[PDB]
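Q: To start, I am sharing the structure in question, which I have written as structure tokens.
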Amino acid sequence: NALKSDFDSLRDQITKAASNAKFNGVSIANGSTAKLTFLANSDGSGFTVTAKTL
Amino acid sequence: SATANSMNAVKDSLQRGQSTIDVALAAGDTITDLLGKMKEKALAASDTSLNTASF
């Protein structure tokens, strides 16, 4: 039971650290969006980063 | 001699046209700088990573 309580607390720490990772309110690690497309050229063609959920 | 005198009115009209186009050219330079800045604004806004406030 003690090992179970430790493992569950570590799982909760994962979900908290994963949810907390943001910058300007957008985030890639949390899985709240499919991709993020930053600009790449004057024309507006954009570098695309595929999001990776954590 | 009468013709050579009327050439003065001709020259006055030409100088008036020059001054008119000069004012238009100054306005055009200001418009071009504004247009370049708006192109930069629309470019920065087209980004999708922006939070709503900056948009």
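Please note that chains go A, B, ... in the order of the structure tokens, that every chain numbers its residues from 1, and that ligands are numbered from 1 in the order shown.
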Which chain B residues are at most 10 Å from chain A (counting only C-alpha atoms), as a list in words?

A: residues 39, 40, 42, 43, 44, 45, 46, 47, 48, 49, 50, 51, 52, 53 and 54 of chain B

Q: Would you save the residues from that selection as a CSV table (one decimal), in the first residue's frame, using N, CA and C atoms?

A:
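What follows is the written file again_24.csv:
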chain,number,residue,atom,x,y,z
B,39,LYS,N,1.6,46.3,-43.9
B,39,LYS,CA,2.0,44.9,-44.3
B,39,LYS,C,2.7,44.2,-43.2
B,40,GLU,N,3.5,44.9,-42.4
B,40,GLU,CA,4.2,44.2,-41.3
B,40,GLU,C,3.2,43.8,-40.2
B,42,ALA,N,-0.1,43.0,-40.7
B,42,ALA,CA,-0.9,41.9,-41.1
B,42,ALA,C,0.0,40.6,-41.1
B,43,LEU,N,1.3,40.7,-41.4
B,43,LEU,CA,2.2,39.6,-41.4
B,43,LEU,C,2.3,39.1,-40.0
B,44,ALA,N,2.5,39.9,-39.0
B,44,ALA,CA,2.7,39.5,-37.6
B,44,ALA,C,1.4,38.9,-37.1
B,45,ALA,N,0.2,39.5,-37.5
B,45,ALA,CA,-1.0,39.0,-37.1
B,45,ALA,C,-1.4,37.6,-37.7
B,46,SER,N,-0.8,37.3,-38.8
B,46,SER,CA,-1.2,36.0,-39.5
B,46,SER,C,-0.7,34.8,-38.7
B,47,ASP,N,0.2,35.0,-37.8
B,47,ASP,CA,0.7,33.9,-37.0
B,47,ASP,C,-0.4,33.3,-36.1
B,48,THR,N,-0.3,32.0,-36.0
B,48,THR,CA,-1.4,31.3,-35.3
B,48,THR,C,-1.1,31.0,-33.8
B,49,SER,N,0.2,31.2,-33.4
B,49,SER,CA,0.5,30.9,-32.1
B,49,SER,C,0.2,32.0,-31.1
B,50,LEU,N,-0.3,33.2,-31.7
B,50,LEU,CA,-0.6,34.3,-30.9
B,50,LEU,C,-1.8,34.1,-29.9
B,51,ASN,N,-1.7,34.6,-28.7
B,51,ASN,CA,-2.8,34.7,-27.8
B,51,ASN,C,-3.7,35.9,-28.2
B,52,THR,N,-4.9,35.9,-27.8
B,52,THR,CA,-6.0,36.7,-28.4
B,52,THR,C,-5.6,38.2,-28.1
B,53,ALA,N,-5.0,38.5,-27.0
B,53,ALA,CA,-4.8,40.0,-26.7
B,53,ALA,C,-3.8,40.6,-27.7
B,54,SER,N,-2.7,39.9,-28.0
B,54,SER,CA,-1.8,40.5,-28.9
B,54,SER,C,-2.4,40.6,-30.3

Q: So which bits of chain B end up alpha helix (DSSP H) when you DSSP the backbone, as an MDAnalysis selection string?

A: chainID B and resid 2:45

Q: Between A:51, A:7, A:2, A:14, which has the minimum distance to residue 29 (chain A) (counting only C-alpha atoms)?

A: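 With only C-alpha atoms as the atom set, the closest residue is A:51.
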